[PDB]
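Chemist: Kindly return the folded structure for what I paste below:
(chains A and B, ligands or ions: 2)
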Amino acid sequence: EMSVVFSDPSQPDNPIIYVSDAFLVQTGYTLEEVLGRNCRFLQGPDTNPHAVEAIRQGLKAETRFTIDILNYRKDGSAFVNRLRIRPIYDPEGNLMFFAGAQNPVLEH
Amino acid sequence: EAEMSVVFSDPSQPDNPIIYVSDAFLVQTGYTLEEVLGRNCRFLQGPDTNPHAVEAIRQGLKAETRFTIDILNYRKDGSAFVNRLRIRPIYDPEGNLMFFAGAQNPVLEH
Ligand SMILES: Cc1cc2nc3c(=O)[nH]c(=O)nc-3n(C[C@H](O)[C@H](O)[C@H](O)COP(=O)(O)O)c2cc1C
Ligand SMILES: Cc1cc2nc3c(=O)[nH]c(=O)nc-3n(C[C@H](O)[C@H](O)[C@H](O)COP(=O)(O)O)c2cc1C
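Modeler: Numbering: from 1, shown residues only, chains lettered A, B, ... in the order given. Ligands and ions are numbered 1, 2, ... in the order given. Shown next is the structure:
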């Protein structure tokens, strides 16, 4: 099941400011465990570092980006996340949020 | 029902050259088959292409994983368009990496 978070890139290090109900269910984390943190806590031992750097660069480009990256639930179970990030702008054109949608595509 | 611009590259050859190009690629980008075959697809890039998007692709390829990025590209005639570029690895029946496929999708004219 699919889920989504918003980060605030005007704060240092893109803390999560919104997390959909399904994110808590699918990952096992509580609201208090997620809000205010950077979403990289979903990565783990087998997460490919080149995909991590690819996400970092896509954010610096402020552009829509999708990548298949291995993530982990609170219980340690692993899943391929088809992660879809997109920028969200205010009416004046300023970057306001990143939205990032987690899509489990297979188990690991 | 839209046309499907796509290229396949050979990562067993230096710099991931194009080894196949769909008919729609030639129509959409303005390049001829002879201008394209055997070259890396970065020739679609130009002056206002974002370098971080370029590096995100380079990393996505190193990760050997499906990924997609919106990146500004240029046709042969110099017109600029945002390309929603969808790249995936292609495996042989034994599961070994064989090709990369990269589909071009104009989503905005500059
Ligand atoms: C809105 C948003 C959602 C994100 N979701 C995930 C995610 O679900 N899984 C993941 O591995 N990384 C996710 N990231 C990426 C990390 O937060 C971070 O940008 C990435 O690890 C690269 O930065 P780093 O090298 O400093 O870790 C997300 C980023 C943003 C902005
Ligand atoms: C199969 C395939 C298709 C590609 N299609 C494009 C494209 O349509 N437009 C683009 O700007 N880059 C495209 N690329 C990316 C570039 O070829 C190159 O990988 C990227 O610029 C990062 O490499 P670099 O830093 O060495 O240039 C494609 C790559 C592959 C493997």
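Chemist: hey, let's count contacts and neighbours off CA atoms from now on
Modeler: Will do.
Chemist: got the phi/psi numbers for residue A:51?
Modeler: Main-chain dihedrals, residue A:51, degrees, to the nearest 10: phi -70, psi -40.
Chemist: Run through the residues that contact the residue in chain A that ligand 2 sits nearest to.
Modeler: Residue nearest to ligand 2 within chain A: residue A:54 (10.8 Å; Cα to the nearest ligand atom). Counting by Cα atoms under 8 Å, 6 or more residues apart in numbering or on different chains, residue A:54 touches B:55, B:56, B:57, B:58, B:59, B:60.
Chemist: again, only using 10 Å
Modeler: A:60, A:65-67, B:52-63, B:67 (Cα atoms under 10 Å, 6 or more residues apart in numbering or on different chains).
Chemist: The residue nearest to residue A:20 when sequence neighbours are not counted bridge partners, please.
Modeler: The spatially closest residue to residue A:20, leaving aside those adjacent along the chain, is residue A:4, at 5.5 Å (Cα to Cα, 6 or more residues apart in numbering or on different chains). In this entry, residue A:4 is beta-bridged to residue A:101, by DSSP bridges.
Chemist: So which bits of chain A are right by chain B?
Modeler: Residues of chain A that fall close to chain B, judged by Cα under 10 Å from any Cα of the partner chain: A:47-69, A:82-86.
Chemist: on that earlier part again, secondary structure class for the residue of chain A closest to ligand 2?
Modeler: Per DSSP: H, G, I helix; E, B strand; the rest coil, the secondary structure class of residue A:54 is helix.
Chemist: Number of residues surrounding residue A:60?
Modeler: By the measure other Cα atoms under 10 Å in any protein chain shown, the count of residues near residue A:60 is 14.
Chemist: Which secondary structure state does it sit in?
Modeler: Following three-state DSSP, we place residue A:60 in the helix state.
Chemist: Name all residues that make contact with it.
Modeler: The contact partners of residue A:60, by Cα under 10 Å, 6+ apart, come to A:54, B:50, B:51, B:52, B:53, B:56.
Chemist: and these, which two are the farthest apart?
Modeler: Farthest-apart pair in the contacts of residue A:60 is A:54 and B:50; separation 13.6 Å (Cα to Cα).
Chemist: which residue ranges form the helices in chain A?
Modeler: All helices of chain A, identified by DSSP state H, fall at A:21-27, A:31-34, A:49-61.
Chemist: just these: most buried one?
Modeler: Stretch with highest mean neighbour count among these: helix A:49-61 (a mean of 21; mean count of other Cα atoms under 10 Å in any protein chain shown).
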